[PDB]
Amino acid sequence: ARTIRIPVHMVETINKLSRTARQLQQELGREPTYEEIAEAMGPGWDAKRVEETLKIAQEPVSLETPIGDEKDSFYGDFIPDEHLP
Amino acid sequence: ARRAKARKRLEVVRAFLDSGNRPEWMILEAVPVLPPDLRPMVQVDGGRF
Amino acid sequence: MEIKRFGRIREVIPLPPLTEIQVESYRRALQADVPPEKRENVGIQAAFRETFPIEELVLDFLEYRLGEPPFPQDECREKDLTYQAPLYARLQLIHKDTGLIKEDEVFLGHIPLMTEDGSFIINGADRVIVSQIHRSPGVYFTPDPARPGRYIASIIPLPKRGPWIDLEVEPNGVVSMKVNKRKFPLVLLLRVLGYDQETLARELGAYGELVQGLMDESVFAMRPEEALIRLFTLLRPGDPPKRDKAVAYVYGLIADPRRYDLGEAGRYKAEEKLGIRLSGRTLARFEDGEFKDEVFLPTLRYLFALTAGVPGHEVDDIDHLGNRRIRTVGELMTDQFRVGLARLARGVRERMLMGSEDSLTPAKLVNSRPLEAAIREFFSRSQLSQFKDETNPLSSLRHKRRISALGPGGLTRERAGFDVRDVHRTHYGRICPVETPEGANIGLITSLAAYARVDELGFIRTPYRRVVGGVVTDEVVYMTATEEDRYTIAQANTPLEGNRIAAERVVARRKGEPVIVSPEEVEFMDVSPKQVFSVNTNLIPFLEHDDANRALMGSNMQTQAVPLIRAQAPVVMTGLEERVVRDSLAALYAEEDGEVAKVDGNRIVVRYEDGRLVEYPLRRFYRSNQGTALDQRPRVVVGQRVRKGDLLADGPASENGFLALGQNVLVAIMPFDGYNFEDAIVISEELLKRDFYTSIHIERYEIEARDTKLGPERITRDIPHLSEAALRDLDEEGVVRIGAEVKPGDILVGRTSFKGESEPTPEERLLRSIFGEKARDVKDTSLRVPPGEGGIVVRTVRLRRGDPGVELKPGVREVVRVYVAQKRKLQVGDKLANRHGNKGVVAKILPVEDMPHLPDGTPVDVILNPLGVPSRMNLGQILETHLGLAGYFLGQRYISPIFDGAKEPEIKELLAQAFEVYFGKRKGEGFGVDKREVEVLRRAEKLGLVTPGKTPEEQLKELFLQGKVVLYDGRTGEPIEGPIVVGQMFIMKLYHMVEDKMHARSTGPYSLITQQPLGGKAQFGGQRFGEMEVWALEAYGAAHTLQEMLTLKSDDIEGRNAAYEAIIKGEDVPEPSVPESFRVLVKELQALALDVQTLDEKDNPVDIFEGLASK
DNA sequence: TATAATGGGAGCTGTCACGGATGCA
DNA sequence: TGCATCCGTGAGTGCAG
């Protein structure tokens, strides 16, 4: 599924955060913080470790995404080329 | 109208004859792949991709 | 000063609440203030009753509620959050077999709330939900463009709530039916409903023409459920037509009031059209085992009787405003809501029939997110969710009253013909005919007439006074365009005695056509001239002397008026300038009678007669979407005894409560030596002196400190290789000190970032080996100021994480925002305009000694060239000056109602009363006439302006009455060979200032794949040298100059890098190699299995990759 | 790794004009 | 064979975005 392939077990734990965060929200009336997750996620789970788990969970985005309601600019067009000198 | 279509077809034949292209080449076994820089994966400011 | 009003029209009702379309609509969809018991099945509620109950186990819907917001409007504004409410919904699950009862109230997420002025805050950025105009639910008939005598009938529901169906009667006598572009004979359908061949003639029985043609018993030879499978065949080529699935399809297309909704409007429209009541908003029913038609035969009735000749069977004008209607914000957002609820139900039944059929709850059978994202979506990327226009308080109010024919459910640009864009006879009093944009969107985006309101069905309607006998009531009544066409409606200014129609001819319309008619024949009367025009349009004095095509620019440019620090209301007004500040909810008023306790640049507390001490605090120097300081200032002093509804603070562009979009200046109308050319404007340095046309602007500059794989980013004051000079204005953390002066190059925030796998190379390690300073491992990534910007640091927000309150997107430690102010004096390049469509760019600022001046020593402020007037035909600006002359010497302002204002005698009278002040003052102060005033008068007489043989005072009088006065070139003291038009004109500074728009680049960033320079000022763009420019160079034959634009200046990376070394080294530029973008072309054709080959003249390849792709 | 489970689900609508290739009385 | 009829291809520029 993901453009960035992530081991089947990391994928498994990611979905864990999602489903547990969801119940937390269904419980609180607001989305939880990092720490409100690391708690209900149990032991070995701190706020730091929920965070860097979410940022690798992060799916990329299309260079051809539409910028504006016309279609005469691409999100990719506003991206400098840092590599070549 | 038979004379007409025999032209249209013959124009495709003589197209291939005069160039040296093989009709079967309109079929691919090996699909080519475009150099990665012409289709990049990049980190934008926020370390996002 | 004194304010003289003109105009004889007694306007019965006031302008209605000018945001009502936005506030009334939303609250009418939420009902967050109605006790659930007392709610009413429309909007948020109605969506609930639609998607529920979920069906096999069955989950049902009790009620919803709304909580107050987690954070107050400002809080969300600052913290880039959304101003929303929590949505709870109480549900009861029951088991289809046992009697199970569970009941929870499950949190659905947050709905975004609407502020008082009728906008939204979405990720901390005000936005507006533009109403959408579209054709309205109903059934319509329209002639066939092919066959002159036959007519298509069309059946249209609310968008994405049913299919469109056409009933074209083919050239084979028996009638057709289109659905998902599939045609088939109609009779097959009527059969399915239970219809009998006789009950057809029993009901049609008139038109042996086709009543008898429609019948074909190759179909009648079946029962109802027989043809029912007959048809499923016709719409599903491949699906096995089992009688449980064919009932499922048609029902789910024509009778299921769960994906087929005619409007609520659509019911009434086709109801009164076809003359039949209607059980529900649905074509067909399923009642007592089979189908019981509702609409198809009534529709069938009309169409036929039209195609012979019958009475009362008219085609329909689909552009009429009885057949077009408005999807206000509340409706538009509920639609998106009915789409989240829809997805949420797909996912409950999924977990109803898998996971455990008895140990389940409402709680865990609902995943809210599909709802959440549908809302979030409509508000963050819709084409109707727009970044709010709060340039000035009018731009925000005009936005909320805009009307787009575009958008999801409407027209694509290409879809838009003429008829959608034309002004319609029915726009009268509903949609302004002036305020639209010039260009592609002309006639799609429009504005709400000033007196108009949208009814519960979503039609615009406009008020008219009822005239009975010949006397005019005060009873006002709002009509849709349809009932309008019923009456003879006399014009707003038909003359009266008391409340009787004096005139013997009255000027009225019937069905929008203009008719001359006697007062006995008259049934209604316009309420006011203001009722035909936009709000902005109504701000234009002497509108009836302005050609339409520049009233339109006058309307629009207003919304572009920059709030001025010394802003003032126009010396000539229309009588709305006050309401506009009122509803613009930007000015600040008194809630009840009382007295002023304290007063202060920051707050105003008022003791009320109710012993309450209300303390209104002042939004002081707030940055708006467009950067234009939204500043509130106080207009009462301690002790001031204030009645109710009086003013307490002036908004922006408000001066004691009148809309102040610009400044009144002394204007002279004459060529001025070139600096007037082609609409350019000439101004007096005295305007910058007394700080006229000066405005405050702020730009936000954000930065983020993020966790990296190579280290963290640090916000520091410790930036390698940088001199204490380059840091003198930063605190210890690396933030500029509030209250500093920052200009291009200046660091606003120091930031450090770790160096990559380019940790020093040999060339660089060695170079430092000489300097005894070894490789430093961090980098200057600070946030500087971009070219052409700068100002006075006004504020800094520092959001870390690890602090309270705060948590940011994953991987960011801390973010810092620093707002920067600039005072902007007027300058050469800025754009000015007046309400009449006169616009130009300040082209020159003379010192006061060069300005034309009048004999008593006073110098004009503005020199507008007269060549602007004749072809533009906007004479109103001319009147605006004349009456502005008068007002400048009588110290007066005026209120000249549109179409009912100050006429010419009435103003020439004022112009004389001013003459005495201007000149009589003189002949008594020891000075008579002047020698240059006689040379001018000599000339004026040949022209024919003055009566020969009359005293200088007599003759100057005559010129003054003409708006004209004697004028001395300050460069010579000699007079202007003629008498000039000098007067007082309201003139605004537009948002289009050179400062925002001067940009240039030697070289800069480039594009990933193309290696061509980016675009736009903010990227440090390059300028697009497009096809048409290339042509230009081509036509000239500038080969080398073109080649340069195609290689060295864009993407010939070799010769580009090669040039910028040749310049800095003083050597001519290198001849160029191949553009790197052609290569991209080759490789992209290879990737399509196409072998493109560069060939020398003897036909052997040329490697334009210098062997880098060979093996 | 073992009750049994056996054919999907959402269409999207208000442009137009020309040129070519195909079907049909 | 001549003529409906469908499918595919077009539909201005730059700038702000």
# chains A, B, ... in the order shown; residues from 1 in each chain; ligands from 1
call {"tool": "interface_residues", "arguments": {"of": "chain D", "to": "chain C", "cutoff": "10 Å", "atoms": "only C-alpha atoms (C1' of nucleotides)", "output": "PDB file with C-alpha atoms (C1' of nucleotides), in the first residue's frame"}}
result
ATOM      1  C1'  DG D   7     -21.168 -12.514  -8.518  1.00  0.00           C
ATOM      2  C1'  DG D  11     -22.688   6.791 -11.389  1.00  0.00           C
ATOM      3  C1'  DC D  12     -23.190  13.078 -12.096  1.00  0.00           C
ATOM      4  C1'  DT D  13     -25.220  15.582 -15.240  1.00  0.00           C
ATOM      5  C1'  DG D  14     -26.231  23.597 -17.789  1.00  0.00           C
ATOM      6  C1'  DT D  15     -20.189  23.878 -23.525  1.00  0.00           C
ATOM      7  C1'  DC D  16     -18.964  23.321 -28.511  1.00  0.00           C
TER       8       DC D  16
END
call {"tool": "select_by_dssp", "arguments": {"residues": "range 373-414 of chain C", "states": "strand (DSSP E)", "output": "ChimeraX atom specification"}}
result
/C:385-387,402-404
call {"tool": "write_last_selection", "arguments": {"atoms": "N, CA and C atoms", "output": "JSON list (two decimals), in the first residue's frame"}}
result
[["chain", "number", "residue", "atom", "x", "y", "z"],
["C", 385, "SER", "N", -15.08, 27.42, 0.01],
["C", 385, "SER", "CA", -14.44, 27.88, 1.24],
["C", 385, "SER", "C", -13.26, 28.75, 0.82],
["C", 386, "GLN", "N", -13.41, 30.06, 0.98],
["C", 386, "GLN", "CA", -12.43, 31.03, 0.52],
["C", 386, "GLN", "C", -11.78, 31.74, 1.69],
["C", 387, "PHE", "N", -10.46, 31.87, 1.61],
["C", 387, "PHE", "CA", -9.70, 32.85, 2.37],
["C", 387, "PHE", "C", -10.47, 34.16, 2.41],
["C", 402, "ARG", "N", -21.46, 37.43, -1.54],
["C", 402, "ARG", "CA", -21.14, 37.02, -2.90],
["C", 402, "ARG", "C", -21.90, 35.76, -3.31],
["C", 403, "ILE", "N", -21.96, 35.52, -4.61],
["C", 403, "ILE", "CA", -22.77, 34.46, -5.18],
["C", 403, "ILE", "C", -22.01, 33.85, -6.34],
["C", 404, "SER", "N", -21.60, 32.58, -6.21],
["C", 404, "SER", "CA", -20.83, 31.90, -7.24],
["C", 404, "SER", "C", -21.74, 30.94, -7.98]]
call {"tool": "residues_around", "arguments": {"residues": "residue 13 in chain E", "least_positions_apart": "4", "cutoff": "12 Å", "atoms": "only C-alpha atoms (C1' of nucleotides)", "output": "JSON list (two decimals) with C-alpha atoms, in the first residue's frame"}}
result
[["chain", "number", "residue", "atom", "x", "y", "z"],
["C", 1024, "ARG", "CA", 8.31, 33.37, -17.68],
["C", 1025, "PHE", "CA", 9.55, 33.97, -21.24],
["C", 1026, "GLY", "CA", 6.62, 32.20, -22.88],
["C", 1027, "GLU", "CA", 5.68, 31.17, -26.39],
["C", 1028, "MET", "CA", 4.39, 34.63, -27.28],
["C", 1029, "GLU", "CA", 7.56, 36.33, -26.05]]
call {"tool": "residues_around", "arguments": {"residues": "residue 490 in chain C", "least_positions_apart": "5", "cutoff": "6 Å", "atoms": "only C-alpha atoms (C1' of nucleotides)", "output": "list in words"}}
result
residues 507, 508 and 525 of chain C
call {"tool": "closest_residue", "arguments": {"among": "C:707, C:979, C:957, C:908", "to": "residue 45 in chain B", "atoms": "only C-alpha atoms"}}
result
C:707
call {"tool": "select_by_dssp", "arguments": {"residues": "chain B", "states": "alpha helix (DSSP H)", "output": "PDB file with N, CA and C atoms, in the first residue's frame"}}
result
ATOM      1  N   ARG B   2     -12.784   0.181 -51.302  1.00  0.00           N
ATOM      2  CA  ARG B   2     -11.738  -0.825 -51.173  1.00  0.00           C
ATOM      3  C   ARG B   2     -10.392  -0.247 -51.595  1.00  0.00           C
ATOM      4  N   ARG B   3     -10.348   0.430 -52.747  1.00  0.00           N
ATOM      5  CA  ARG B   3      -9.137   1.149 -53.126  1.00  0.00           C
ATOM      6  C   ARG B   3      -8.702   2.113 -52.032  1.00  0.00           C
ATOM      7  N   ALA B   4      -9.668   2.711 -51.328  1.00  0.00           N
ATOM      8  CA  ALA B   4      -9.352   3.721 -50.320  1.00  0.00           C
ATOM      9  C   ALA B   4      -8.687   3.100 -49.099  1.00  0.00           C
ATOM     10  N   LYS B   5      -9.288   2.035 -48.547  1.00  0.00           N
ATOM     11  CA  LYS B   5      -8.744   1.419 -47.341  1.00  0.00           C
ATOM     12  C   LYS B   5      -7.427   0.719 -47.629  1.00  0.00           C
ATOM     13  N   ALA B   6      -7.287   0.138 -48.818  1.00  0.00           N
ATOM     14  CA  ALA B   6      -6.002  -0.449 -49.182  1.00  0.00           C
ATOM     15  C   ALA B   6      -4.899   0.604 -49.172  1.00  0.00           C
ATOM     16  N   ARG B   7      -5.252   1.869 -49.398  1.00  0.00           N
ATOM     17  CA  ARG B   7      -4.265   2.928 -49.232  1.00  0.00           C
ATOM     18  C   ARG B   7      -3.909   3.096 -47.760  1.00  0.00           C
ATOM     19  N   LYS B   8      -4.903   3.446 -46.937  1.00  0.00           N
ATOM     20  CA  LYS B   8      -4.679   3.648 -45.508  1.00  0.00           C
ATOM     21  C   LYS B   8      -3.836   2.530 -44.902  1.00  0.00           C
ATOM     22  N   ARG B   9      -4.225   1.273 -45.143  1.00  0.00           N
ATOM     23  CA  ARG B   9      -3.418   0.137 -44.696  1.00  0.00           C
ATOM     24  C   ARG B   9      -2.029   0.157 -45.332  1.00  0.00           C
ATOM     25  N   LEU B  10      -1.973   0.310 -46.655  1.00  0.00           N
ATOM     26  CA  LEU B  10      -0.684   0.266 -47.339  1.00  0.00           C
ATOM     27  C   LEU B  10       0.237   1.377 -46.838  1.00  0.00           C
ATOM     28  N   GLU B  11      -0.338   2.526 -46.471  1.00  0.00           N
ATOM     29  CA  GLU B  11       0.475   3.607 -45.929  1.00  0.00           C
ATOM     30  C   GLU B  11       1.146   3.186 -44.624  1.00  0.00           C
ATOM     31  N   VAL B  12       0.443   2.393 -43.800  1.00  0.00           N
ATOM     32  CA  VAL B  12       1.047   1.836 -42.587  1.00  0.00           C
ATOM     33  C   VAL B  12       2.114   0.800 -42.928  1.00  0.00           C
ATOM     34  N   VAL B  13       1.842  -0.057 -43.912  1.00  0.00           N
ATOM     35  CA  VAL B  13       2.855  -1.028 -44.314  1.00  0.00           C
ATOM     36  C   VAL B  13       4.124  -0.306 -44.748  1.00  0.00           C
ATOM     37  N   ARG B  14       3.997   0.552 -45.767  1.00  0.00           N
ATOM     38  CA  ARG B  14       5.177   1.178 -46.352  1.00  0.00           C
ATOM     39  C   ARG B  14       5.853   2.096 -45.341  1.00  0.00           C
ATOM     40  N   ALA B  15       5.077   2.645 -44.404  1.00  0.00           N
ATOM     41  CA  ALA B  15       5.662   3.224 -43.203  1.00  0.00           C
ATOM     42  C   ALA B  15       6.690   2.282 -42.586  1.00  0.00           C
ATOM     43  N   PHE B  16       6.270   1.050 -42.276  1.00  0.00           N
ATOM     44  CA  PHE B  16       7.181   0.136 -41.595  1.00  0.00           C
ATOM     45  C   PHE B  16       8.304  -0.321 -42.517  1.00  0.00           C
ATOM     46  N   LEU B  17       7.975  -0.594 -43.778  1.00  0.00           N
ATOM     47  CA  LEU B  17       8.990  -1.034 -44.716  1.00  0.00           C
ATOM     48  C   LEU B  17      10.122  -0.032 -44.803  1.00  0.00           C
ATOM     49  N   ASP B  18       9.789   1.239 -45.071  1.00  0.00           N
ATOM     50  CA  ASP B  18      10.812   2.247 -45.358  1.00  0.00           C
ATOM     51  C   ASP B  18      11.629   2.624 -44.121  1.00  0.00           C
ATOM     52  N   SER B  19      11.081   2.455 -42.912  1.00  0.00           N
ATOM     53  CA  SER B  19      11.834   2.762 -41.700  1.00  0.00           C
ATOM     54  C   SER B  19      12.671   1.600 -41.189  1.00  0.00           C
TER      55      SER B  19
END
call {"tool": "interface_residues", "arguments": {"of": "chain A", "to": "chain E", "cutoff": "8 Å", "atoms": "only C-alpha atoms (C1' of nucleotides)", "output": "JSON list (two decimals) with N, CA, C and O atoms, in the first residue's frame"}}
result
[["chain", "number", "residue", "atom", "x", "y", "z"],
["A", 67, "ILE", "N", -2.31, 23.24, -6.93],
["A", 67, "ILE", "CA", -2.14, 24.48, -6.18],
["A", 67, "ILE", "C", -3.09, 25.51, -6.78],
["A", 67, "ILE", "O", -2.82, 26.07, -7.86],
["A", 68, "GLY", "N", -4.20, 25.78, -6.10],
["A", 68, "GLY", "CA", -5.23, 26.65, -6.61],
["A", 68, "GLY", "C", -6.42, 25.88, -7.18],
["A", 68, "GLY", "O", -6.39, 24.66, -7.38],
["A", 73, "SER", "N", -0.85, 25.51, -11.69],
["A", 73, "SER", "CA", 0.35, 25.35, -10.89],
["A", 73, "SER", "C", 0.33, 24.02, -10.14],
["A", 73, "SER", "O", -0.71, 23.59, -9.63]]
call {"tool": "closest_residue", "arguments": {"among": "C:1043, C:1023, C:538, C:1007", "to": "residue 77 in chain A", "atoms": "only C-alpha atoms"}}
result
C:1007
call {"tool": "closest_atom_pairs", "arguments": {"of": "chain A", "to": "chain C", "cutoff": "10 Å", "atoms": "only C-alpha atoms", "output": "tab-separated table"}}
result
residue	atom	partner	partner_atom	distance
A:19	CA	C:367	CA	9.5
A:22	CA	C:367	CA	7.8
A:23	CA	C:364	CA	8.1
A:25	CA	C:107	CA	7.6
A:26	CA	C:107	CA	5.2
A:27	CA	C:107	CA	7.5
A:28	CA	C:107	CA	8.4
A:29	CA	C:107	CA	6.0
A:30	CA	C:109	CA	7.3
A:31	CA	C:109	CA	8.6
A:33	CA	C:807	CA	7.6
A:34	CA	C:807	CA	8.2
A:48	CA	C:811	CA	9.6
A:50	CA	C:810	CA	9.4
A:51	CA	C:810	CA	5.8
A:52	CA	C:811	CA	6.7
A:53	CA	C:810	CA	9.1
A:54	CA	C:810	CA	6.8
A:55	CA	C:810	CA	5.7
A:56	CA	C:810	CA	9.5
A:58	CA	C:810	CA	9.3
A:68	CA	C:383	CA	9.2
A:69	CA	C:383	CA	6.7
A:70	CA	C:413	CA	9.5
A:76	CA	C:1008	CA	8.0
A:77	CA	C:1007	CA	6.5
A:78	CA	C:1014	CA	6.6
A:79	CA	C:1007	CA	6.6
A:80	CA	C:1005	CA	5.4
A:81	CA	C:1008	CA	5.0
A:82	CA	C:1005	CA	8.2
A:83	CA	C:1008	CA	9.0
A:84	CA	C:1011	CA	9.0
A:85	CA	C:1057	CA	9.0
call {"tool": "residues_around", "arguments": {"residues": "range 26-41 of chain B", "least_positions_apart": "2", "cutoff": "9 Å", "atoms": "only C-alpha atoms (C1' of nucleotides)", "output": "PyMOL selection string"}}
result
(chain A and resi 60+63) or (chain B and resi 22-24+43+49) or (chain C and resi 1008-1010+1080+1083-1084+1086-1089)
call {"tool": "residues_around", "arguments": {"residues": "range 112-119 of chain C", "least_positions_apart": "5", "cutoff": "8 Å", "atoms": "only C-alpha atoms (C1' of nucleotides)", "output": "VMD selection string"}}
result
chain C and resid 19 22 to 23 26 73 82 to 85 126 to 129 388 400 583 to 585
call {"tool": "atom_distance", "arguments": {"atom1": "CA of residue 881 in chain C", "atom2": "CA of residue 527 in chain C"}}
result
29.4 Å
call {"tool": "closest_residue", "arguments": {"among": "C:618, C:15, C:798, C:249", "to": "residue 9 in chain D", "atoms": "only C-alpha atoms (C1' of nucleotides)"}}
result
C:249
